Participant: 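Let me give you the structure first, and then I'll get to my questions.
Order of listing sets the numbers, starting from 1, for every ligand and every atom in it. Just so you know, these numbers use all the heavy atoms, side chains as well, and skip hydrogens, waters and symmetry mates. Chain identifiers are assigned alphabetically (A, B, ...) following the order of the sequence lines, protein sequences preceding nucleic acid strands; residue numbering begins at 1 within each chain.
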Amino acid sequence: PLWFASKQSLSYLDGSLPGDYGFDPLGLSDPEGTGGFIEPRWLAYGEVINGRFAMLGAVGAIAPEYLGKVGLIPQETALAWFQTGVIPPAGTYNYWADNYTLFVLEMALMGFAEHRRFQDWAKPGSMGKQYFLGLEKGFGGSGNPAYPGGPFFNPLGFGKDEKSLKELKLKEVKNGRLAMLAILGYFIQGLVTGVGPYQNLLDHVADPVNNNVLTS
Amino acid sequence: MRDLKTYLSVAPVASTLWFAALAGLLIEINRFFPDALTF
Amino acid sequence: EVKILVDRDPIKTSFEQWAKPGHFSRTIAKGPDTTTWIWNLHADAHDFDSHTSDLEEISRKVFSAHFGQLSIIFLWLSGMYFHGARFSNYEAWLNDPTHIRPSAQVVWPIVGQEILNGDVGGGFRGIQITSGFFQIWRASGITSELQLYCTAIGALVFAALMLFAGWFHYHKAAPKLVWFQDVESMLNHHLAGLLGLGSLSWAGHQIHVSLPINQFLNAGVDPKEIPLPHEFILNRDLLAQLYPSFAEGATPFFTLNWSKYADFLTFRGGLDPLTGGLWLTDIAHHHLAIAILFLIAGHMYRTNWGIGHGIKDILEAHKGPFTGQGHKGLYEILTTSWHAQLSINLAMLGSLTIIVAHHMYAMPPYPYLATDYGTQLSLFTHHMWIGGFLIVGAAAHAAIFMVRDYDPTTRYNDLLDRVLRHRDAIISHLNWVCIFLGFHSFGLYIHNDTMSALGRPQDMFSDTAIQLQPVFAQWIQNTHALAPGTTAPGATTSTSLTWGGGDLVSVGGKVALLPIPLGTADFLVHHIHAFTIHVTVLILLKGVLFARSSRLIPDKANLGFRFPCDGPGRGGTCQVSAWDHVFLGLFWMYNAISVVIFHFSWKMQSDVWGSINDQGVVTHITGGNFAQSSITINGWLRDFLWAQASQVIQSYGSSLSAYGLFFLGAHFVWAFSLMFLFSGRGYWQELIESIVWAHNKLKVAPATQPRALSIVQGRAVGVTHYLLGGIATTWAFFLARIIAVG
Amino acid sequence: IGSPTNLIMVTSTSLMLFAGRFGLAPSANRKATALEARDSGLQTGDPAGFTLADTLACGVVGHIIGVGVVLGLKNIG
Amino acid sequence: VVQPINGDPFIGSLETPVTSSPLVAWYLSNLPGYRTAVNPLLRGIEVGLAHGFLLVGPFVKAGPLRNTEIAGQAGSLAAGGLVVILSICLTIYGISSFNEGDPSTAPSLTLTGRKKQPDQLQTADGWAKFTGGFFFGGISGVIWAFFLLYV
Ligand code: CLA
Ligand code: CLA
Ligand code: CLA
Ligand code: CLA
Ligand code: CLA
Ligand SMILES: CC1=C(/C=C/C(C)=C/C=C/C(C)=C/C=C/C=C(C)/C=C/C=C(C)/C=C/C2=C(C)CCCC2(C)C)C(C)(C)CCC1
Ligand SMILES: CC1=C(/C=C/C(C)=C/C=C/C(C)=C/C=C/C=C(C)/C=C/C=C(C)/C=C/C2=C(C)CCCC2(C)C)C(C)(C)CCC1
Ligand SMILES: CC1=C(C/C=C(\C)CCC[C@H](C)CCC[C@H](C)CCCC(C)C)C(=O)c2ccccc2C1=O
Ligand code: SF4
C-alpha cells in the first residue's frame, strides 16, 4: 500500500523499511546528495525515537487528567499537561525540588543515557567495551542502533523470528505516528481552547454541535 | 596546534598582541602616574 | 526536480591553511618576493573568481561568507542591546524623552577623556547616541534593562548559530551548484518566507506587546508599573480594556467582520500628536497587509508541482520590434554569474536605502523620534551614504560581469547586445544632458552670486525676483493634502505632515513636522541633484559599456577589469579600465550625496525644525534663512558652512570636543589623500631606492624588498582617504551642530 | 450558516474548485500560456488529474475571491 | 525598425526612426541647408531671417533693461550685435576651411549611390555667399521682429 507515493519516492523507499508507505512529497530521504542530518539511516532513527517519546507523552499528558476526573489519583496531583510546572506561567506545582533544579537532574540523567546511546550509532561495538558498573554486558547493541534488544531492552524475548519482528516494527512505528499527531493535537488544542485534552474530548461528547474547532 | 601557533605568529596577529600589550602598559602607567609633563 | 542536494565533507577543517598566507591563490601562495605581495594578498582575499573557476565551489564560498556577515551583524546587535542594558539612561529616558538625551556609551577615566561623559540627564553621564535605538526599544514596548540583557543574549546565540552554519555549510554539508541555481524556490521562500512570515510575526508582537505597552506609556503610567508583556497574552481582558475587539477573539477574523478590529487596526495617517511618531495602530495594520501580500507572492514560481511559472518562460516572452529577441538568455546569465546578481541587488538595495532616508524623515515611524533632531539628521545622512555606496558598487560588478562573465557565444542576449551596438549614442547623449544640467543648475547660482555682488538683486533667480517656482512638486504636494477627504476616503489625514497643507505637530515645545514649502531655492537645489546624479551615471555607465573595448583600446577586455592603463601611447591611456570609472564615480557620488545632505540639513533647520510658542509662534533653528541665502554659493559659504561650523570649532572643553578633534582629523585625512591622487608611483619608487641604500649601508634592508604601491593601489588609497576624510568632516560638523542646537 | 457571507464564501470556494476540477482554470497537470496539458507526478484518489496541491490552490484562490467580494459587499451594502 | 545605415553594418551609424523616417527625411531635406543644388546666398538669407528673428526674444525679454521702456530697442541691438559677431565666425570659418580653388567637400553620392554634383555650399565662394546671406538676413530678421513687437 502507498500513501500518496510517487514514482521517484519509490526509487529509494524499497519497502525494506518498517512503515514504508512510500510517502515523501518533498523527497527528504532521497539518497542523492545527502549530508548533515538529512540522511536515510538517521531519519528512520529520528522517526522511531520521536515516535517512542510521543507514545510516553500522549499517554502521560492525559493520564493524570483521565485518572483525576474519575477520582483515582488525588485531585492535587492530577493535572493537565500544560499546568504541571513545565510552563510556569500556565501552571506550577511544588515538587520535592525546584522546577529548575529538577531539570538539572533531568539533563544529568538524560545525558548519560542519551550520550551512551549515541555511541552505539557511531561506534557500534562500543558501550559494551568500557567498564560501567558491569552494566556494559547489556549495552553492546545488536548491529542495529534502533533495535539493540538484549537483557535490558528486550528482556522478555519479543520479535522471536523474522515474521514476528517485522510485524512488531510495523506496529511500533504506526503507533508513534498517531501519538506524535496526538502530541501535536494536545499542543494546538491547548493554545486555542485553554483547556486540557481529555476535557476537550469530553465537551465534544456533551455537545458536539457547539463544542468544535469552528467555535473557538 | 603547531599550525595555529604559526598563524598566531603572522605579522598582523603578532602586531595586535604586541601593540595591545603596549597600549595596556602605557595606559596603566598613565593611570598610576597621570599628567606627567616633566620626565 | 527541486530537491536538497549537498556534498559531504568537501573541505577538511584544518589550521594548515591558516599557516600559509595566500593559500587561496597559486601566485600568492609561493610567498613574498616584495612588499607588493602584502597588498595583493588582501586585495584578492574575497575575489573568489580568481581562486577557482568552478562555479559550484565559488557559490559555496559566498554562502558561508554570508553566514560570516550575519554572525557579525548579530554580534553587533548584541553589543547595541548590551550597552542599552548596562551603560545607558534608557530606563530614565522613558520617563522624560522630551528632555533626557539618549546615551549608551561611557568612557573610562584616562588621560582626561572623562569630559566626553556629558551631562545628558537621568542622573547619567555618557556620550549622546544618534543611532535611535531608544525610539526603537520604546516602540517595541521594552521597559527595562533586563529585557535588553535578554535580547543581547539571544543576539549572541544567533551570532554563534550563524557562525556554526557557515562552517557547517562549507566543511560538512556544502550545497551543490544546482541547489543554488533553483532561483524559483529561493524567490518563493524569500517572498512568502522571509518577507511574509517576518512581517506577519512582527505584526503579532506589535499587536500583543507593542500596542498595549505604548498605550500605558502614552497614558502616563510608570514603566515599572506597566503590566509585563506576557500578561497581555495570559489575560485577554487586559487587551480588551484597551481594544474591545479582542473580546470576541479570533472570531471576527474568520467571520469577515474585519471592521470590528478598527480600534487596533486603523488607516488614520499623520502622526500621533502626543508622541510625534506614526500611529502604532496604523503601523500594525501596515505590517498585517504587507505580510499578506508577500505570503501570496511567494506562490508565483513553479517548483515541485504544476502551478507557477518558470522564470525563463516569463523572460523569453517579452520582446519588441525595437528589441528583437528581448529577454531570452537572461535566465542562463543570472543563474551562472554571481556578479550579475550582485550588480542588480546592489543597485536596488542601494536605491531602497535612499528611499528609507526620505520616508523615515517625512513619516517618522518611531515615538519621540521626530523631535530628536540629532537622531533624525543622523539617520537620513547615514542611509544616504550607505545607499550611494551600494549604488556605485552596482556599476563595478556590472563592469566585472562584462570583463569576466559576458560570453556572446554561449550565453547570448539581444538586449545586452543591442545596447553594446549603440553605446556611443548612449554615452554621448548622457554627456550632453550633463552639460545642459550643469549650466542650467549650477550656472544659475553663478548668475546669482555675480548679480548679487554687482548690487543687482532684482536680476537674480530668487523668490523676490526672477522666480523659478517648482510648479509640479507644488502640485503633487497640494494633491496629497486633499487625498484623505477625496481620493483616499478611508484615510483620515495625509500620509505625512510634509504634504503642503494640514497644520503642525509638536512634541515638548519642539516642532516635529509642518508642511514643507518648496520655492525657487528648492528648484535650484533639485536641479543640482539631477545634475550630480546624471554625471555619476555618465561616468559609471560609460565604464561598463566600454569595459570590453573601445575605439582607443580594441582588446581592453583582455587587460582585465582592474588595470592601471595601457601606457602613454595613443596620447595616453591612464584610467581606461572599468575599475578606474568606479574610482572616478565615487568622487562624484560623494559630491552628489554631500549636497543632498547639506540640502537636508539647511532645509530642516530653516523651514521645519524649531521651537513652538505657548501661542504657536514657531522659531526655526535658522529662522527661514534658506530662501534668500541658499540661492548663491556665498550663501552656502557664509550662512550655512561658516555659521553652522560655530558649534564644532568651539566644542573644545566640553563633551562635544571629540567632534572638534574629528573635524580636524578628517580634514587631515582628506588633505592626506591628495598626496596619493596627485602623484605617481615612479617618484615614490625612486625615493625608496635612496632610502633602501641607507638601510643597506647599515645592514638593515628587509628581504621583502620595499615597493611603491601599485598605480591602482595609489588610486584606491587616494579615493578611500578622500571619502573617509570628506565624510567624517561632515559627520563631526553635523553631530556637533545638531546636538548643540537641536 | 449564521450569515449570508457563508453563501458568498462557499460559492467562490466551490466555483473555483469547480473551475480546476475539470477545466476553465490552470490545474497542476495543465499549465497555461496565453492551456497546454502536462503531468505533475503527485498521484491522487481523484481520477481527473486533480492533485492534492491543486485543491489547496483553488481553495486559497476561492477564499481570495470570496473575501474580496464579501468585504466589498460589506463595505457598500 | 533599426537597420544598419544604408545596409552597411560597418559604417559608424544606425538607421532608426529618428535618423531616417519618411517624415524626418522629408523635413530635413527641405531645410535651406540641405538644398544642395540651390543658391547658397538664398539659403543664408532664409537662415539669417529665421535666426535674427529668433534672437530678438531672449535679449529683450531677459536683458538688463527687460523691465524698462528701453527694453525692445536694447535687446534688438543686442540681437543684431549677436548677428554681427556670428557673421565674423561664419566668415573666418570659411577663410580657414575653403580655398579659392578647392572643389566642394560635400558628398558627391546619394542615398542610392549615384553621382551628383557636390553641394557648392562647401566651397570658398559658396561659403562667402552663404554667410553674406546670413548677415543680410539676420539684420533684417532682427528688424522684422523689432518691427512687429514694438511698432
Ligand atoms: C538562510 C539560511 C540557511 C539556509 C538556506 C539553509 C539551508 C539548508 N540547511 Mg541549514 N542551517 C542554518 C541556516 C540555513 N540553512 C543555520 C542558522 C543553522 C544552525 C542551526 C543550520 C544548520 C543546519 C544543519 C545541522 C543541517 C542543515 C541542513 C540544511 C539543508 C536542508 C535543510 C532542510 O530543509 O532540512 C529540513 C529542516 C528541518 C528539519 C528543520 C525544521 C525546524 C527548524 C527548527 C526550523 C525552524 C527555523 C525557523 C525559521 C525559526 C523560527 C523561530 C521563531 C518561531 C521564534 C539546506 C541546504 C541539513 C543538511 O545538511 O541537509 C543536507 C542539516 O543537516 N542546516
Ligand atoms: C560592535 C560591537 C561592540 C563594540 C564596538 C563595543 C565597544 C565597547 N564596549 Mg562592548 N560589548 C559588546 C559589543 C561591543 N562593544 C557585546 C556583544 C558585549 C557582550 C558580551 C559587550 C560587553 C561589554 C562590557 C561588559 C563592557 C564593554 C565596554 C566597551 C567599551 C570599551 C571596550 C574595551 O576597551 O575593551 C578592552 C579591549 C579589549 C578587550 C581588546 C583586547 C585586545 C586583544 C588583543 C584583541 C584580540 C584579537 C584577536 C586576534 C581576535 C579575538 C577574537 C575572539 C573574540 C574569538 C567600548 C566602547 C566596556 C565599557 O563600556 O566600559 C565602560 C565594558 O566594561 N562592552
Ligand atoms: C576554527 C574553525 C575553522 C577552521 C580551522 C577552518 C579552516 C579552513 N577554512 Mg573555514 N570556516 C569556518 C571555520 C573554520 N575553517 C567558519 C566558521 C566559516 C564560516 C565563515 C568558514 C568558512 C570558510 C570558507 C568560505 C572558506 C574556508 C576556508 C578554509 C581553509 C583556509 C581558511 C583560512 O586561511 O583561514 C584564515 C582566515 C582568517 C583568519 C580570516 C578571519 C575570518 C573572519 C571571518 C574575519 C572577520 C574579521 C572582521 C571583519 C573584523 C576585521 C575588521 C576590523 C579589524 C578592521 C581552511 C581549510 C577556505 C578554503 O578552504 O578555500 C581554499 C574558504 O574559501 N572556510
Ligand atoms: C554586498 C556588497 C559587496 C560585495 C559582496 C562585494 C564583493 C566584491 N567586490 Mg565589491 N563593491 C561594493 C560592494 C560589494 N562588493 C561596493 C558598495 C562598491 C563601491 C565602493 C564596490 C567596489 C568594488 C571595486 C572597485 C572592486 C570590488 C571588488 C570586489 C571583489 C573582491 C573584494 C575583495 O577581495 O576585497 C578585499 C577587501 C578589502 C581589501 C578591504 C579594503 C578596506 C576598505 C576599502 C576600507 C574600509 C574603510 C572602513 C569602512 C573605515 C575604517 C577605517 C579604519 C580602519 C581607520 C568581491 C567579489 C574588486 C574586484 O576586482 O572584484 C573582482 C574590485 O576591484 N568591488
Ligand atoms: C569645481 C570643480 C569642478 C568643475 C567646475 C568641474 C566641471 C565639470 N566636470 Mg569635473 N571633476 C572635478 C571637479 C570639477 N569638475 C574633480 C575634482 C574630479 C575628479 C573626481 C572631476 C571628474 C570629472 C569626471 C570624471 C567627469 C567630470 C565632468 C564634468 C563636466 C560636467 C558637465 C557640466 O556641468 O558642464 C558645464 C560646466 C560647468 C557647470 C562649469 C561651470 C561653467 C561656468 C559657470 C560657465 C562660464 C561661462 C563662460 C564660459 C564665462 C567664461 C568667459 C571667459 C572665457 C572669459 C564639467 C565640465 C563630466 C563630464 O565631462 O560630463 C560632460 C565627467 O564625466 N568631472
Ligand atoms: C529582537 C531580536 C531578537 C529576537 C527576535 C524574536 C523574539 C523573534 C520572535 C519571533 C516569533 C516568535 C515568531 C513567530 C512566528 C510565527 C509564525 C510565522 C506563524 C505563522 C502562522 C501561520 C502561517 C498560520 C497558519 C494558519 C492559517 C493561515 C489559517 C488557519 C490555520 C493556521 C493558523 C495554521 C534576536 C534575539 C533574534 C536577535 C536580536 C534582536
Ligand atoms: C473529494 C470528494 C468530494 C469533495 C470534497 C469536498 C466538497 C471538499 C471541498 C474542498 C475544500 C473545502 C477545499 C477548500 C480549501 C480551502 C483552502 C485551502 C483555504 C485556504 C485559505 C487561506 C490560505 C486563506 C488565507 C488568507 C488569505 C489568502 C487572504 C488574507 C486573509 C487570509 C489569511 C484568511 C466529494 C464529497 C464530492 C465526493 C468524494 C470525493
Ligand atoms: C605617498 C605614496 C607613496 C608611498 C607610500 C607607500 C609606500 C605606503 C607605505 C605603507 C606602510 C607605512 C609601509 C610600512 C608597512 C609596515 C607594515 C610597517 C611595519 C612597522 C610597524 C609599526 C607595524 C607611493 O607608494 C605612491 C603609490 C602610487 C601613487 C602615489 C602614492 C603615494 O603618494
Ligand atoms: S602615467 Fe601611469 S597610468 Fe598614465 S600611462 Fe603612464 S604609466 Fe600608465
Participant: Side-chain contact test, heavy atoms from C-beta onward, threshold under 4.5 Å: evaluate it for A:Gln119 versus A:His115 and give yes or no.
Facilitator: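 No - every pair of side-chain heavy atoms lies 4.5 Å or more apart.
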Participant: Ignoring hydrogens, just give me the one of C:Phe63, C:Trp167, C:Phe164, C:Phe168 whose non-hydrogen atom is nearest atom 63 (C) of ligand 1.
Facilitator: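 The residue whose heavy atom sits nearest atom 63 (C) of ligand 1 is C:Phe168.
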Participant: What is the closest protein heavy atom to atom 12 (C) of ligand 1, and at what distance does it sit?
Facilitator: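 Result for atom 12 (C) of ligand 1: C:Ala165 CB, 3.8 Å.
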Participant: Give the numbers and elements of all ligand 8 atoms closer than 4.0 Å to a heavy atom of C:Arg681.
Facilitator: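 Numbered from 1, ligand 8 contributes 27 (C), 28 (C).
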Participant: Cut-off 3.5 Å, side chains only: do C:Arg681 and C:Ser710 have a donor facing an acceptor?
Facilitator: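 The answer is no; no qualifying pair exists.
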Participant: Does the protein place a non-hydrogen atom closer than 4.0 angstrom to atom 38 (C) of ligand 1?
Facilitator: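 Protein heavy atoms within 4.0 Å of atom 38 (C) of ligand 1 - there are none.
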Participant: Centre-to-centre under 6.0 Å for C:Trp167 and C:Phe164, is that the case here?
Facilitator: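 Yes; C:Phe164 has its ring centre under 6.0 Å from that of C:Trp167.
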Participant: Hey, mind stepping through C:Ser185 and C:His189 against side-chain hydrogen bond (donor to acceptor under 3.5 Å, both in side chains) and telling me if it holds?
Facilitator: CA-CA 6 Å; C:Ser185 184; C:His189 288 85; 3.1 Å; yes
Participant: Is atom 8 (Fe) of ligand 9 under 2.8 Å from any N, O or S atom of C:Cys574?
Facilitator: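 No.
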Participant: Please tell me whether C:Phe48 and C:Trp338 form a close aromatic pair, meaning their ring centres lie under 6.0 Å apart.
Facilitator: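 Distance test on ring centres: not under 6.0 Å, no.
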Participant: Is it true that the side chains of C:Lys12 and C:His171 contain a donor and an acceptor less than 3.5 Å apart?
Facilitator: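 Per modelled atom types, C:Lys12 and C:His171 side chains form no pair under 3.5 Å.
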Participant: Considering the heavy atoms of C:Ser679, write down every atom of ligand 8 situated less than 4.0 Å from one of them.
Facilitator: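 Those atoms are 30 (C), 33 (O).
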Participant: Should one rank A:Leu28, A:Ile38, C:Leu163, A:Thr34 by closest heavy-atom distance to atom 36 (C) of ligand 1, which comes out on top?
Facilitator: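 Residue with the shortest heavy-atom distance to the ligand atom: A:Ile38.
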Participant: Against heavy atoms of C:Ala173, which atoms of ligand 1 measure under 4.0 Å?
Facilitator: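 Here the atoms of ligand 1 in question are 60 (O).
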Participant: For C:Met675, take its heavy atoms, then give the atoms of ligand 8 lying under 4.0 Å from any of them.
Facilitator: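 So the answer, numbered in order with elements, is 1 (C), 33 (O).
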Participant: Report the relative orientation of the aromatic rings in C:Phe587 and C:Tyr722; use parallel for angles under 30°, tilted for 30 to 60°, perpendicular for over 60°.
Facilitator: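 Because their plane-to-plane angle is over 60°, the rings of C:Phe587 and C:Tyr722 count as perpendicular.
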Participant: Could you list the atoms of ligand 9 found under 4.0 angstrom from a heavy atom of C:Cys565?
Facilitator: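 So the answer, numbered in order with elements, is 3 (S), 5 (S), 8 (Fe).
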Participant: Less than 3.5 Å apart, any donor N or O on the side chain of B:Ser9 or B:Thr6 sitting next to an acceptor on the other?
Facilitator: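 The answer is no; no qualifying pair exists.
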Participant: Given C:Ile4, A:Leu26, C:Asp7, identify the one with the heavy atom nearest to atom 30 (C) of ligand 1.
Facilitator: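 Looking at heavy atoms only, C:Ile4 sits closest to atom 30 (C) of ligand 1.
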Participant: Could you tell me whether atom 54 (C) of ligand 1 has a protein heavy atom closer than 4.0 Å?
Facilitator: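 Within 4.0 Å of atom 54 (C) of ligand 1, no protein heavy atoms are found.
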Participant: Tell me the nearest of C:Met186, C:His189, C:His66, C:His169 to atom 8 (C) of ligand 1, using heavy-atom distances.
Facilitator: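 Closest candidate by heavy-atom distance is C:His169.
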Participant: Identify the protein heavy atom lying closest to atom 64 (O) of ligand 1, giving its residue, its atom name and the separation to 0.1 Å.
Facilitator: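 Nearest protein contact, heavy atoms only, for atom 64 (O) of ligand 1 is A:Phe37 N, 2.6 Å.
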Participant: Tell me if the aromatic rings of C:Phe232 and C:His208 count as close, with their centers under 6.0 Å from one another.
Facilitator: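 Between C:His208 and C:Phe232, which both carry aromatic rings, the centre distance is not below 6.0 Å.
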Participant: Which of the atoms of ligand 8 are close to C:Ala708, meaning less than 4.0 Å from one of its heavy atoms?
Facilitator: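 Selected atoms, number and element: 25 (O).
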Participant: Look up atom 47 (C) of ligand 1 and tell me if a protein heavy atom lies less than 4.0 Å from it?
Facilitator: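 No; the ligand atom in question lacks any protein heavy-atom contact below 4.0 Å.
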Participant: Main chain of C:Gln685, side chain of C:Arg707: is a donor-acceptor contact present, judged purely on distance under 3.5 Å?
Facilitator: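 No, because the side chain of C:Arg707 does not come within donor-acceptor range (under 3.5 Å) of the backbone of C:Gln685.
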Participant: Just heavy atoms, cut-off under 4.0 Å: does C:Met162 contact ligand 1 by side chain, backbone, both, or neither?
Facilitator: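 The part of C:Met162 near ligand 1 is the side chain, not the backbone.
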Participant: Does ligand 1 have a heavy atom under 4.0 Å from the side chain of C:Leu161, from its backbone, from both, or from neither?
Facilitator: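 It is both parts that get close, each with some atom under 4.0 Å.
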Participant: Is the C:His667 to C:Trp670 ring centre distance short of 6.0 Å?
Facilitator: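 Centroid distance C:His667-C:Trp670: not below 6.0 Å, so no.
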Participant: Name the option, out of C:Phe67, C:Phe158, C:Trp179, that contains the heavy atom nearest to atom 14 (C) of ligand 1.
Facilitator: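 The option holding the nearest heavy atom is C:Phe67.
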Participant: Quick one: does C:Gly714 get an N or O within less than 3.5 Å of an N or O on ligand 8?
Facilitator: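 It does not: no N or O of C:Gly714 is found under 3.5 Å from an N or O of ligand 8.
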Participant: Distance below 4.0 Å between atom 16 (C) of ligand 8 and any protein heavy atom?
Facilitator: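 Looking at atom 16 (C) of ligand 8, one finds that no protein heavy atom lies closer than 4.0 Å.
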Participant: Just let me know how C:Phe676 lines up against ligand 8, side chain, backbone, both or neither, with a heavy-atom cut-off below 4.0 Å.
Facilitator: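 Contact part for C:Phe676 vs ligand 8: both backbone and side chain.
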Participant: Yes or no: does C:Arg715 have any heavy atom under 4.0 Å from an atom of ligand 9?
Facilitator: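 It does, in that a heavy atom of C:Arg715 comes within the 4.0 Å cut-off of ligand 9.
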Participant: Only heavy atoms of C:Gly567, strictly under 4.0 Å: list the atoms of ligand 9 that pass.
Facilitator: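 Contacts of ligand 9 toward C:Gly567, numbered from 1: 5 (S).
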